[PDB]
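Let's start with one chain on its own, the form deposited in one PDB entry, as structure tokens.
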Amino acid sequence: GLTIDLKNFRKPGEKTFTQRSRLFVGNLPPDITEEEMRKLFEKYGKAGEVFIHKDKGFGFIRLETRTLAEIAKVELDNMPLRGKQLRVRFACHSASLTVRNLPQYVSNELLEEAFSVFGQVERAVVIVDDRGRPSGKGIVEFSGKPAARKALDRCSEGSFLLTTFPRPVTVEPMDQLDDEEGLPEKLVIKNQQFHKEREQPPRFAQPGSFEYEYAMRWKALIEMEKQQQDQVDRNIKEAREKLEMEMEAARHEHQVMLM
């Protein structure tokens, strides 16, 4: 129990009522109403979309900002409602893309401006490392799936160039991984394979056991896989640096007559 007066809950540049502030509400009573749902989230300010599935015991609600949705999720997840324990989660984004091979001088804003040609962009991010250096990867989140499908189609058919550098970007669907809730023990199916696997507890393979032989063979195979992958990485880097040099030398031949 703690009361907080929220003065700043919208992040700089954050658009409101996006799919990033959309919550999934599951294990609802079969008789749930739109008004019941709205009352449940009343405390978390303004509400946008409220959708309840006609028969399936789940719905969606859009809150104003990520902060408000994060607070509502923590407070309302596992909340008892008429014999049911509610499941409140962030809704899976229907229109999120991974952008690879980003050139230099691409800002979040430029990424948004670039992809805004395909439809309404909710968010665009140029991913940076622990020293603020761009990784070469980015995220583009559209408001709807048709706009994301347009971007995917157009960027595979054509060569989408964000800057002067003649290297097109790669646009793929976002691989959505949950690194927050993960795999709780309760949700693991306790079948025959489960019990077979849990016979032995976490340990280090001890010399003189059947498993030590096999685990050492597995370690050797993993080291072989590392060597194989390192060679492919080196070949690709070399091939890319060759092409990137030709691209840089041919670009520095554009403004020759422009200026």
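Here, rigid core means the biggest group of C-alpha atoms that superpose within 1.5 Å across both forms. Residues that one form lacks are left out of the comparison. One rule holds for the numbers: they count along the sequence shown, beginning at 1.
Colleague: Can you let me know which of the two, 134-142 or 74-82, has the higher average C-alpha B-factor in the entry?
Modeller: Mean CA B-factor is higher for 74-82.
Colleague: Give the stretch, out of 93-101 and 182-190, with the larger mean C-alpha temperature factor in the deposited entry.
Modeller: The stretch with the larger mean CA B-factor is 182-190.
Colleague: Name the third of the chain's ranked CA B-factors that contains residue 55, choosing lowest, middle or highest.
Modeller: CA B-factor rank for residue 55: highest third.
Colleague: In terms of the CA temperature factor given in the entry, to which third of its chain does residue 200 belong: lowest, middle or highest?
Modeller: Middle third.
Colleague: What third of its chain, lowest, middle or highest, does the C-alpha temperature factor of residue 25 fall into?
Modeller: It belongs to the middle third of the chain when residues are ordered by C-alpha B-factor.
Colleague: What third of the chain, by the recorded C-alpha B-factor, contains residue 63?
Modeller: Its C-alpha B-factor belongs to the lowest third of this chain's values.
Not on display, but discussed next: the form deposited in another entry.
Colleague: Provide the ranges, sorted by sequence, of consecutive runs with at least 3 residues in which each Cα shifts 2 Å or more between the shown form and the other one, based on a superposition on the core.
Modeller: The segments that shift (3 or more residues, C-alpha shift of 2 Å or more) are 2-9, 204-242, 244-248.
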